[PDB]
Each structure stands twice: as C-alpha cells, then as structure tokens.
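Worksheet: one structure, shown below.
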Amino acid sequence: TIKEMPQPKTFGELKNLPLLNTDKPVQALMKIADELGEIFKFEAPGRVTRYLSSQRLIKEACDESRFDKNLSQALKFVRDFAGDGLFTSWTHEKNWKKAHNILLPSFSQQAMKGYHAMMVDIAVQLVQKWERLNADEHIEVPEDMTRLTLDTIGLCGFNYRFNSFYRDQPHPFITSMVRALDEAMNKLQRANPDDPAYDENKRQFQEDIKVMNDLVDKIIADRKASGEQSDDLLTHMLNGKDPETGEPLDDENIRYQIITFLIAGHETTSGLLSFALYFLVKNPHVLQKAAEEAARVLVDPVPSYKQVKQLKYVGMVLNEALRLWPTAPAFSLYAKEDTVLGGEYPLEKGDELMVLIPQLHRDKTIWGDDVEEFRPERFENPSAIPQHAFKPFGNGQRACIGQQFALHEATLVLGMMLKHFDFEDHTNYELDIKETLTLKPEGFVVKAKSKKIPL
Ligand code: HEM
Ligand SMILES: CCCCCC/C=C\CCCCCCCC(=O)O
C-alpha cells in the first residue's frame with residue numbers, strides 16, 4: 001500500500017509556512033521530525049518537499065542512480081551571491097563538473113601537507129592571543145574560531161591575510177556574509193516577498209553582496225601584483241584547465257568560486273570547533289582524555305602534518321560533535337526519475353527530498369538508546385558505522401570538497417588548544433544554537449588558563 005504523506009498543520013493558503021516563522025528553522029524541523037517521524041511533507045506557497053530523518057530512507061535518497069543534488073530554496077537564495085560556484089551549482093551544469101575537475105587537485109594529501117605550514121601560522125596567532133589575555137579577561141569562543149577559520153582559508157587558498165586577529169571588531173566580510181545568510185534564511189519564511197517592507201531588507205542584501213565582491217576584487221588585485229609561484233586554489237581557478245574540455249574557468253565563475261570557498265570554507269569549520277569545545281568543556285573527562293592524547297603527540301612546540309594525523313582521539317571528538325550538530329544541517333535531492341521511496345512513498349520525477357542531517361545522527365536504530373550523549377568513543381571503530389548513517393559532509397559526487405581541509409585544520413588547532421590551555425566554563429553556558437543556514441553556538445564563552453608551555 002501507499003502511505004499518505006504525514007505533514008504538520010496547515011494554515012490555508014500559507015500551508016506549513018507559518019511553522020517555519022522563526023530564528024531557528026532547522027531546530028524547529030527537528031522537533032516536527034521528532035513528532036512526525038522518519039519522513040513528512042512540508043508544503044508552502046509554491047514549493048513542496050519531504051524532510052527525511054531515518055537512515056533507511058536516507059540511504060535510498062543517497063543513491064546517485066535515483067537521486068541527484070537539488071538546489072534547496074535556501075541554496076537558491078544563496079545563489080544570488082554564490083552564483084554557480086561548486087556549492088550552489090546544479091550537477092548537470094557545465095561549470096560544476098568543470099570547476100570540480102579544475103579545483104579538486106587543491107585538496108590532495110600532498111596539498112594538505114603544503115597548507116599545514118600556513119595553518120600553523122594562524123593557529124599560533126590564536127594561542128598567542130589567548131596566551132596574551134589577562135586574568136579578568138575571557139575568550140569569546142565562536143568569535144575567535146571564526147577569526148581563525150577565515151584567516152586560514154584566506155591564506156591557504158588565496159594567500160591573502162584577513163588579519164582577523166588584528167581587530168576586535170568582526171571583519172567586515174564576516175558581518176556582510178552573516179547578514180546575507182541570515183536574509184537568505186528569512187526569505188524562506190516570507191509569505192509575500194514583494195511587500196514593500198522587504199524593500200529595506202533587499203537594499204541591505206545588495207549592500208552586503210557588494211561588500212563581499214569588493215573583497216574578491218581586492219584578493220584578485222592583490223594576486224596580480226605579487227611575487228608569486230603560489231600553488232593554491234587561486235592559481236588553480238585562474239590557470240587550471242578542465243581536462244574534459246581543455247577550457248579554464250571564466251572570470252564570472254572564478255569570482256563565484258572565491259566567494260564560495262571563502263564562505264563554505266570557513267563558517268562550517270569554526271562552527272565545528274566551537275561545538276567541539278562546547279562539548280569538551282561540558283564533558284571534563286572526555287576533555288581530559290583529548291588533553292593527554294594531545295600532550296603526548298604534540299611533542300614539538302609547533303605540530304607537524306604527521307603528528308596531526310596522530311591525534312586520533314581529538315579527531316573522534318570532532319566527529320562526535322559533528323554527529324550531534326552538523327554545521328551544514330542539510331542537503332537536498334530530487335527524484336531523477338519516477339520511483340518509490342521506501343517502498344511506501346511514490347515520488348514523481350523532479351520530486352524534492354530534504355535530508356535533516358542532525359536527525360539522521362540521532363537515529364537510535366543505528367546509534368543506540370543514547371543518541372543525545374557526547375561519546376567520542378562511538379568512532380573508535382569507523383568500520384561499525386553503516387554507510388548513510390553518518391552524512392555530515394554531503395553525499396556522493398556532490399560531497400564536501402574541502403572535507404579534509406576542515407578536519408585537518410580543526411584537529412590541528414583543537415590539538416594545540418588542549419595542549420596549551422586549561423578551559424573553564426566560567427558561566428555554565430547553556431547551549432544556544434544560532435542559525436544562519438549553518439549552525440553555531442551563540443554567546444559561548446570560556447576562560448583559558450595557560451599551562452605556560454611555549455611554541
Ligand atoms: C565541518 C566543516 C564542513 C562541513 C560540515 C561541510 C559540509 C558540506 C556539505 C554537507 C556539503 C554538501 C551540500 C549539499 O549536498 O548540498 C558540502 C559541500 C561543499 N563544501 Fe563543505 N563542509 C565543511 C567544510 C568545507 C571546507 C573547509 C571547504 C573548502 C575549503 C568546503 C567546500 C565545499 C564545497 C566547494 C562544496 C561544494 C561541493 C559540490 O557540491 O561540488 N567545505 N560541504
Ligand atoms: C555557497 C555558500 C555556502 C553554503 C551556505 C549554506 C550551507 C548549507 C545549507 C544548509 C541549509 C539548511 C536548510 C535549513 C532551512 C530549511 O530547510 O528550511
């Protein structure tokens with residue numbers, strides 16, 4: 001039999017839209033998922049899609065033969081400034097595959113070995129900042145993490161120094177980026193977009209998009225006039241040719257790739273580091289574990305690519321935090337052809353599916369009766385994890401291109417942090433997750449007491 005698609009309350013023409021009227025749509029969806037189960041329909045004026053939570057359905061949606069990446073309404077809005085960069089372009093769009101081939105090289109084992117040096121340059125600035133702090137002062141976690149992350153990707157990928165640590169006030173780019181994301185998020189809940197109330201929001205949107213592009217222009221101009229021979233993402237965007245077409249990326253797309261790597265290559269990571277640290281502080285013994293592991297592997301003042309690969313446990317911390325709170329909370333698919341999801345739900349071609357990643361990682365049938373617990377050990381034997389049970393980095397051909405960059409950076413820094421400081425939850429911070437499409441702990445602050453070890 002065919003099961004009637006379960007779905008939340010409707011408000012006439014508004015459908016389920018009013019349900020999403022909030023600062024935290026994903027978390028709301030999680031609750032609705034909790035109340036409706038493995039799958040439900042969410043309809044709104046014009047659009048309609050199905051949010052999946054269970055692995056059994058996820059594993060199906062994650063079948064390239066039947067489902068390809070769909071641009072969720074969120075991403076459609078992000079396209080306004082991210083254009084057809086990797087993250088926001090359709091699979092069957094010339095620029096995607098092209099850029100994929102052209103840019104992929106910048107994320108190989110060897111490359112990571114080259115980036116590592118610069119990563120440490122930033123990581124040190126961080127430890128330095130935290131070491132230069134005095135008694136009464138405390139650290140603002142996600143603020144400094146984002147500070148770290150943007151600087152790292154900028155240097156590593158474009159050889160441009162945002163110098164985030166040289167400013168107490170948020171780098172302009174960040175400020176405009178968060179606003180553009182936030183607006184993208186707000187548009188999802190809008191009933192009538194043309195309403196002259198949104199006029200202001202639109203003027204501000206353009207404003208922030210322009211600021212982002214202004215930076216791109218500075219990054220490129222800075223590259224032109226420099227003593228080069230840099231083998232980074234930038235030189236690859238500007239020079240690499242897609243071997244399948246022999247053609248290189250056009251300026252319009254190259255721009256899009258810069259914006260894309262600047263945003264995608266920093267936000268999700270800092271969010272990850274913030275959540276990780278949150279959990280470590282809230283789970284002292286796990287912290288203690290990760291602290292010792294670090295203390296013994298990082299024998300050198302400044303960590304090596306290999307020593308970082310030796311930070312087994314801290315990596316587990318990372319995947320656990322990434323399990324409970326996946327920074328990029330969801331990805332979308334579409335029925336490549338008419339089919340039937342789970343043998344119960346009939347899908348027509350082009351039917352949108354939405355994967356609530358944070359829920360998939362709470363599936364007790366996979367993780368057990370304690371899903372809500374921060375237990376790094378769950379990742380002691382990676383082999384145990386059924387595929388499609390842990391999908392924090394997207395799926396298949398359209399998966400995180402920078403995945404390893406993130407984890408290598410996160411591990412490095414998390415390792416160093418635990419190596420040099422005593423972190424105290426001086427405020428018993430209650431978790432508050434701020435949503436800007438991406439997830440991050442807001443107002444998370446701590447105090448780092450020096451172990452007084454140099455670097
Ligand atoms: C913990 C951090 C990160 C998380 C959780 C994350 C997650 C993801 C996810 C879920 C997607 C797929 C979205 C979809 O299927 O619609 C994705 C795509 C992508 N990510 Fe990441 N990401 C992270 C870090 C990075 C970094 C550091 C870079 C680059 C330096 C990066 C670059 C990209 C790009 C370009 C894509 C588009 C891939 C494509 O569709 O061709 N990501 N990432
Ligand atoms: C290219 C720009 C960087 C990527 C920014 C967005 C990253 C991931 C998107 C997560 C979307 C989560 C959707 C929640 C909102 C909803 O479903 O209604």
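Chain labels run A, B, ... following the order of the structure tokens; each chain numbers its residues from 1, and ligands are numbered from 1 in the order shown.
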Nearby polymer residues, ligand 2, at most 7 Å, only C-alpha atoms and all ligand atoms, as a ChimeraX atom specification
/A:25-26,74-75,78,82,85,87-88,185,188,260,263-264,328-331,437-438
Pull N, CA, C and O atoms from the residues just selected and write them as an mmCIF file, in the first residue's frame.
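Okay, this is what ended up in result-v5.cif:
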```
data_model
loop_
_atom_site.group_PDB
_atom_site.id
_atom_site.type_symbol
_atom_site.label_atom_id
_atom_site.label_comp_id
_atom_site.auth_asym_id
_atom_site.auth_seq_id
_atom_site.Cartn_x
_atom_site.Cartn_y
_atom_site.Cartn_z
ATOM 1 N N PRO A 25 14.903 27.654 12.134
ATOM 2 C CA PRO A 25 14.102 26.737 11.325
ATOM 3 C C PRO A 25 14.512 25.269 11.422
ATOM 4 O O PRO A 25 13.666 24.399 11.625
ATOM 5 N N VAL A 26 15.805 24.988 11.307
ATOM 6 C CA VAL A 26 16.268 23.604 11.374
ATOM 7 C C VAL A 26 15.865 22.928 12.669
ATOM 8 O O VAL A 26 15.334 21.827 12.651
ATOM 9 N N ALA A 74 16.895 27.382 0.173
ATOM 10 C CA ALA A 74 17.974 28.063 0.880
ATOM 11 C C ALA A 74 19.094 28.383 -0.114
ATOM 12 O O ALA A 74 19.388 29.552 -0.387
ATOM 13 N N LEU A 75 19.662 27.331 -0.699
ATOM 14 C CA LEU A 75 20.740 27.464 -1.671
ATOM 15 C C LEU A 75 20.349 28.294 -2.870
ATOM 16 O O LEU A 75 21.193 28.949 -3.450
ATOM 17 N N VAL A 78 21.041 31.660 -1.783
ATOM 18 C CA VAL A 78 22.468 31.853 -1.616
ATOM 19 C C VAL A 78 23.112 32.026 -2.994
ATOM 20 O O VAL A 78 24.147 32.662 -3.131
ATOM 21 N N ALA A 82 26.488 33.586 -4.490
ATOM 22 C CA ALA A 82 27.399 32.469 -4.668
ATOM 23 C C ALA A 82 27.353 31.933 -6.083
ATOM 24 O O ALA A 82 28.130 31.053 -6.447
ATOM 25 N N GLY A 85 28.935 28.545 -8.162
ATOM 26 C CA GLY A 85 30.169 28.034 -7.607
ATOM 27 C C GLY A 85 29.850 26.609 -7.203
ATOM 28 O O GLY A 85 28.685 26.261 -7.059
ATOM 29 N N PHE A 87 29.403 24.744 -4.579
ATOM 30 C CA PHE A 87 28.329 24.571 -3.623
ATOM 31 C C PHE A 87 26.928 24.898 -4.134
ATOM 32 O O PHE A 87 25.992 24.211 -3.791
ATOM 33 N N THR A 88 26.774 25.921 -4.962
ATOM 34 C CA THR A 88 25.439 26.317 -5.426
ATOM 35 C C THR A 88 25.039 26.018 -6.880
ATOM 36 O O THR A 88 23.997 26.475 -7.351
ATOM 37 N N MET A 185 17.997 33.048 4.851
ATOM 38 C CA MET A 185 17.206 32.254 5.782
ATOM 39 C C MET A 185 15.818 32.867 6.001
ATOM 40 O O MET A 185 14.816 32.155 5.997
ATOM 41 N N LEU A 188 12.973 32.393 3.361
ATOM 42 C CA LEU A 188 12.292 31.108 3.366
ATOM 43 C C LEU A 188 10.942 31.161 4.058
ATOM 44 O O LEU A 188 10.080 30.329 3.809
ATOM 45 N N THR A 260 32.434 31.516 -2.830
ATOM 46 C CA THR A 260 32.073 30.177 -2.378
ATOM 47 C C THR A 260 33.098 29.577 -1.414
ATOM 48 O O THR A 260 32.728 29.157 -0.323
ATOM 49 N N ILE A 263 33.204 31.584 2.031
ATOM 50 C CA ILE A 263 32.083 31.279 2.913
ATOM 51 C C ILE A 263 32.100 29.821 3.326
ATOM 52 O O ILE A 263 32.360 29.507 4.482
ATOM 53 N N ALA A 264 31.885 28.925 2.371
ATOM 54 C CA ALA A 264 31.869 27.478 2.624
ATOM 55 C C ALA A 264 33.115 26.938 3.289
ATOM 56 O O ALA A 264 33.056 25.935 4.004
ATOM 57 N N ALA A 328 26.532 22.050 8.580
ATOM 58 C CA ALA A 328 25.763 22.254 7.356
ATOM 59 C C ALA A 328 24.710 21.197 7.613
ATOM 60 O O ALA A 328 24.879 20.034 7.254
ATOM 61 N N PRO A 329 23.627 21.587 8.297
ATOM 62 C CA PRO A 329 22.469 20.799 8.714
ATOM 63 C C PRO A 329 21.657 20.005 7.690
ATOM 64 O O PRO A 329 20.877 19.139 8.087
ATOM 65 N N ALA A 330 21.830 20.253 6.395
ATOM 66 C CA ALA A 330 21.035 19.509 5.430
ATOM 67 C C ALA A 330 21.467 19.659 3.988
ATOM 68 O O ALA A 330 22.178 20.605 3.638
ATOM 69 N N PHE A 331 21.059 18.691 3.170
ATOM 70 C CA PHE A 331 21.308 18.704 1.740
ATOM 71 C C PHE A 331 20.052 18.221 1.058
ATOM 72 O O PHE A 331 19.254 17.545 1.684
ATOM 73 N N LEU A 437 21.544 29.522 8.294
ATOM 74 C CA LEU A 437 21.535 28.393 7.370
ATOM 75 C C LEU A 437 22.439 27.394 8.090
ATOM 76 O O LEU A 437 21.996 26.323 8.500
ATOM 77 N N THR A 438 23.676 27.807 8.338
ATOM 78 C CA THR A 438 24.635 26.993 9.073
ATOM 79 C C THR A 438 24.337 27.121 10.593
ATOM 80 O O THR A 438 23.681 28.080 11.024
#
```
Check which residues fall inside 7 Å of ligand 1 when counting only C-alpha atoms and all ligand atoms, and print them as an MDAnalysis selection string.
chainID A and resid 69 86:87 96 100 153 260:261 264:266 268:269 272 326:328 330:332 392:395 398:403 405:407
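Put simply, atom CA of residue A:290 is 22.0 Å away from atom CA of residue A:367.
Each of A:49, A:204, A:175, A:55 was compared to residue A:347 using only C-alpha atoms, and A:49 turns out to be the nearest.
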Just want the 12 Å neighbourhood of residue A:192, counted on only C-alpha atoms, with same-chain residues fewer than 4 positions away dropped. Output as a PyMOL selection string.
chain A and resi 13-14+17+44-46+186-188+196-199
Take the residues that were just selected and, keeping N, CA, C and O atoms, output them as a PDB file, in the first residue's frame.
```
ATOM      1  N   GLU A  13      -3.927  28.938   2.633  1.00  0.00           N
ATOM      2  CA  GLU A  13      -3.001  29.237   1.548  1.00  0.00           C
ATOM      3  C   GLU A  13      -1.545  29.234   1.993  1.00  0.00           C
ATOM      4  O   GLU A  13      -0.654  28.930   1.198  1.00  0.00           O
ATOM      5  N   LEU A  14      -1.310  29.571   3.259  1.00  0.00           N
ATOM      6  CA  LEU A  14       0.041  29.619   3.806  1.00  0.00           C
ATOM      7  C   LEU A  14       0.653  28.244   3.990  1.00  0.00           C
ATOM      8  O   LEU A  14       1.864  28.116   4.162  1.00  0.00           O
ATOM      9  N   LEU A  17       3.979  27.019   6.039  1.00  0.00           N
ATOM     10  CA  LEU A  17       4.909  28.144   6.142  1.00  0.00           C
ATOM     11  C   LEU A  17       5.018  28.805   7.515  1.00  0.00           C
ATOM     12  O   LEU A  17       6.124  29.038   8.008  1.00  0.00           O
ATOM     13  N   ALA A  44       4.445  24.744   1.189  1.00  0.00           N
ATOM     14  CA  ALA A  44       4.429  26.191   1.413  1.00  0.00           C
ATOM     15  C   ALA A  44       3.944  26.786   0.101  1.00  0.00           C
ATOM     16  O   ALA A  44       3.761  26.060  -0.869  1.00  0.00           O
ATOM     17  N   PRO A  45       3.665  28.097   0.060  1.00  0.00           N
ATOM     18  CA  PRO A  45       3.197  28.683  -1.200  1.00  0.00           C
ATOM     19  C   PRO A  45       4.202  28.448  -2.326  1.00  0.00           C
ATOM     20  O   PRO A  45       5.378  28.857  -2.231  1.00  0.00           O
ATOM     21  N   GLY A  46       3.774  27.714  -3.343  1.00  0.00           N
ATOM     22  CA  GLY A  46       4.602  27.430  -4.487  1.00  0.00           C
ATOM     23  C   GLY A  46       5.378  26.139  -4.347  1.00  0.00           C
ATOM     24  O   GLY A  46       5.137  25.194  -5.077  1.00  0.00           O
ATOM     25  N   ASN A 186      15.753  34.184   6.160  1.00  0.00           N
ATOM     26  CA  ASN A 186      14.478  34.857   6.374  1.00  0.00           C
ATOM     27  C   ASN A 186      13.546  34.759   5.185  1.00  0.00           C
ATOM     28  O   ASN A 186      12.346  34.573   5.346  1.00  0.00           O
ATOM     29  N   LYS A 187      14.092  34.836   3.982  1.00  0.00           N
ATOM     30  CA  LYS A 187      13.267  34.743   2.782  1.00  0.00           C
ATOM     31  C   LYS A 187      12.472  33.441   2.716  1.00  0.00           C
ATOM     32  O   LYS A 187      11.426  33.388   2.071  1.00  0.00           O
ATOM     33  N   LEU A 188      12.973  32.393   3.361  1.00  0.00           N
ATOM     34  CA  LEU A 188      12.292  31.108   3.366  1.00  0.00           C
ATOM     35  C   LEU A 188      10.942  31.161   4.058  1.00  0.00           C
ATOM     36  O   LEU A 188      10.080  30.329   3.809  1.00  0.00           O
ATOM     37  N   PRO A 196       6.562  45.862   0.190  1.00  0.00           N
ATOM     38  CA  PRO A 196       7.482  46.988   0.367  1.00  0.00           C
ATOM     39  C   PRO A 196       8.178  47.075   1.735  1.00  0.00           C
ATOM     40  O   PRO A 196       8.963  47.990   1.975  1.00  0.00           O
ATOM     41  N   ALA A 197       7.884  46.129   2.624  1.00  0.00           N
ATOM     42  CA  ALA A 197       8.517  46.071   3.937  1.00  0.00           C
ATOM     43  C   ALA A 197       9.880  45.458   3.700  1.00  0.00           C
ATOM     44  O   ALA A 197      10.883  45.859   4.292  1.00  0.00           O
ATOM     45  N   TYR A 198       9.913  44.497   2.790  1.00  0.00           N
ATOM     46  CA  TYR A 198      11.145  43.826   2.469  1.00  0.00           C
ATOM     47  C   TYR A 198      12.094  44.691   1.662  1.00  0.00           C
ATOM     48  O   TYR A 198      13.286  44.420   1.604  1.00  0.00           O
ATOM     49  N   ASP A 199      11.583  45.784   1.117  1.00  0.00           N
ATOM     50  CA  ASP A 199      12.410  46.706   0.358  1.00  0.00           C
ATOM     51  C   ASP A 199      13.692  47.029   1.086  1.00  0.00           C
ATOM     52  O   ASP A 199      14.769  46.966   0.498  1.00  0.00           O
TER      53      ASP A 199
END
```
Non-local contacts of residue A:242 (8 Å; only C-alpha atoms; under 5 positions in same chain excluded) as a list in words
residues 98, 99, 101, 102, 247 and 248 of chain A
Take the residues that were just selected and, keeping C-alpha atoms, output them as an mmCIF file, in the first residue's frame.
```cif
data_model
loop_
_atom_site.group_PDB
_atom_site.id
_atom_site.type_symbol
_atom_site.label_atom_id
_atom_site.label_comp_id
_atom_site.auth_asym_id
_atom_site.auth_seq_id
_atom_site.Cartn_x
_atom_site.Cartn_y
_atom_site.Cartn_z
ATOM 1 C CA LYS A 98 34.440 21.814 -14.994
ATOM 2 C CA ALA A 99 35.335 23.558 -11.746
ATOM 3 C CA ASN A 101 37.925 18.812 -12.099
ATOM 4 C CA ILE A 102 39.864 22.053 -12.184
ATOM 5 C CA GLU A 247 38.873 25.222 -21.077
ATOM 6 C CA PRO A 248 39.661 27.142 -17.862
#
```
If you run DSSP on the backbone here, which positions in stretch 237-416 of chain A get alpha helix (DSSP H)? Please write them as a PyMOL selection string.
chain A and resi 237-239+251-264+267-282+284-297+305-309+312-324+357-360+364-367+403-416
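On the backbone of this structure, DSSP gives strand (DSSP E or B) within stretch 223-432 of chain A to residues 241, 248, 330, 331, 332, 333, 334, 335, 339, 340, 341, 345, 346, 347, 352, 353, 354, 355, 356, 394, 395, 398, 399, 421, 422, 423 and 424 of chain A.
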Could you please take those selected residues and save N, CA, C and O atoms as a CSV table (one decimal), in the first residue's frame?
```
chain,number,residue,atom,x,y,z
A,241,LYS,N,43.0,24.2,-16.3
A,241,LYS,CA,42.0,23.9,-17.4
A,241,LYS,C,41.4,22.6,-17.1
A,241,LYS,O,42.0,21.6,-16.6
A,248,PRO,N,39.5,26.7,-19.2
A,248,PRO,CA,39.7,27.1,-17.9
A,248,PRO,C,38.4,27.9,-17.4
A,248,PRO,O,37.5,28.1,-18.2
A,330,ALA,N,21.8,20.3,6.4
A,330,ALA,CA,21.0,19.5,5.4
A,330,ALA,C,21.5,19.7,4.0
A,330,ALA,O,22.2,20.6,3.6
A,331,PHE,N,21.1,18.7,3.2
A,331,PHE,CA,21.3,18.7,1.7
A,331,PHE,C,20.1,18.2,1.1
A,331,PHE,O,19.3,17.5,1.7
A,332,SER,N,19.8,18.6,-0.2
A,332,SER,CA,18.6,18.2,-0.9
A,332,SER,C,18.9,17.4,-2.2
A,332,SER,O,19.9,17.5,-2.8
A,333,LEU,N,17.9,16.5,-2.5
A,333,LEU,CA,17.9,15.7,-3.6
A,333,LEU,C,16.6,15.9,-4.4
A,333,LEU,O,15.7,16.6,-3.9
A,334,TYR,N,16.5,15.2,-5.5
A,334,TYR,CA,15.3,15.3,-6.3
A,334,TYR,C,15.2,13.9,-7.1
A,334,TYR,O,16.2,13.3,-7.3
A,335,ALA,N,14.0,13.5,-7.2
A,335,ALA,CA,13.7,12.2,-7.9
A,335,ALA,C,14.2,12.3,-9.3
A,335,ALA,O,13.6,13.0,-10.1
A,339,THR,N,9.8,7.1,-9.1
A,339,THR,CA,10.3,6.0,-8.3
A,339,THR,C,9.4,5.9,-7.0
A,339,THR,O,8.4,6.5,-7.0
A,340,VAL,N,9.8,5.1,-6.1
A,340,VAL,CA,9.1,5.0,-4.8
A,340,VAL,C,10.1,4.8,-3.6
A,340,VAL,O,10.8,3.8,-3.5
A,341,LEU,N,10.1,5.9,-2.8
A,341,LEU,CA,10.9,5.9,-1.6
A,341,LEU,C,10.4,4.9,-0.6
A,341,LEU,O,9.2,4.9,-0.3
A,345,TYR,N,6.4,5.4,-0.3
A,345,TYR,CA,6.2,6.8,-0.8
A,345,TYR,C,6.6,6.9,-2.3
A,345,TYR,O,7.8,6.8,-2.6
A,346,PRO,N,5.6,7.1,-3.1
A,346,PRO,CA,5.8,7.2,-4.6
A,346,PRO,C,6.2,8.6,-4.9
A,346,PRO,O,5.6,9.6,-4.5
A,347,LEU,N,7.3,8.7,-5.6
A,347,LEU,CA,7.9,10.0,-6.0
A,347,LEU,C,7.9,10.1,-7.5
A,347,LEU,O,8.2,9.2,-8.2
A,352,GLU,N,11.4,16.9,-4.8
A,352,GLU,CA,12.4,17.3,-3.9
A,352,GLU,C,12.3,16.5,-2.5
A,352,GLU,O,11.3,16.3,-2.0
A,353,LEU,N,13.5,16.2,-2.0
A,353,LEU,CA,13.7,15.5,-0.8
A,353,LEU,C,14.6,16.3,0.0
A,353,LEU,O,15.5,16.9,-0.6
A,354,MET,N,14.5,16.3,1.3
A,354,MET,CA,15.4,17.2,2.1
A,354,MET,C,15.9,16.3,3.3
A,354,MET,O,15.1,15.8,4.1
A,355,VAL,N,17.2,16.2,3.4
A,355,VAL,CA,17.8,15.4,4.5
A,355,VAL,C,18.2,16.2,5.8
A,355,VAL,O,19.2,16.9,5.8
A,356,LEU,N,17.4,16.0,6.8
A,356,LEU,CA,17.7,16.6,8.1
A,356,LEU,C,18.8,15.8,8.8
A,356,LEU,O,18.6,15.0,9.6
A,394,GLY,N,27.7,16.0,3.2
A,394,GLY,CA,27.0,15.8,2.0
A,394,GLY,C,27.1,14.3,1.5
A,394,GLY,O,27.5,13.5,2.2
A,395,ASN,N,26.7,14.1,0.2
A,395,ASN,CA,26.7,12.8,-0.3
A,395,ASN,C,27.2,12.6,-1.8
A,395,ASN,O,26.9,13.5,-2.7
A,398,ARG,N,28.6,15.0,-5.1
A,398,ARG,CA,28.3,16.4,-4.7
A,398,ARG,C,28.6,16.4,-3.1
A,398,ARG,O,27.8,16.8,-2.4
A,399,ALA,N,29.8,15.9,-2.7
A,399,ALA,CA,30.1,15.9,-1.3
A,399,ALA,C,31.2,17.0,-1.0
A,399,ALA,O,31.8,17.5,-2.0
A,421,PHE,N,46.2,25.1,27.0
A,421,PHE,CA,45.3,25.7,28.0
A,421,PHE,C,44.4,24.8,28.9
A,421,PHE,O,44.1,23.7,28.6
A,422,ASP,N,43.9,25.5,29.9
A,422,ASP,CA,43.0,24.9,30.9
A,422,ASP,C,41.7,25.6,30.7
A,422,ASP,O,41.6,26.8,31.0
A,423,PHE,N,40.8,25.0,30.0
A,423,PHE,CA,39.5,25.7,29.7
A,423,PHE,C,38.4,25.5,30.8
A,423,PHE,O,38.0,24.4,31.2
A,424,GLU,N,38.0,26.6,31.3
A,424,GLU,CA,36.9,26.7,32.3
A,424,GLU,C,35.6,27.3,31.8
A,424,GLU,O,35.6,28.4,31.3
```
Please list as an NGL selection string every residue within 10 Å of residue A:230, counting only C-alpha atoms and excluding residues in the same chain fewer than 6 positions away.
:A and (156-159 or 223 or 236)
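If you look at atom CA of residue A:141 and atom CA of residue A:276, they are 10.7 Å away from each other.
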Pick from A:243, A:115, A:432, A:427: nearest to residue A:103, with only C-alpha atoms counted?
A:243
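Distance-wise, atom CA of residue A:450 and atom CA of residue A:136 end up 13.6 Å apart.
Minimum atom-to-atom distance to residue A:317, evaluated using only C-alpha atoms, belongs to A:418 out of A:225, A:418, A:254, A:389.
Shortest atom-to-atom contact with residue A:311 among A:273, A:371, A:52, A:416: A:416, counting only C-alpha atoms.
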Shell of 12 Å around residue A:449, only C-alpha atoms, local chain residues under 5 positions omitted, as an NGL selection string
:A and (127 or 130-139 or 417-426)
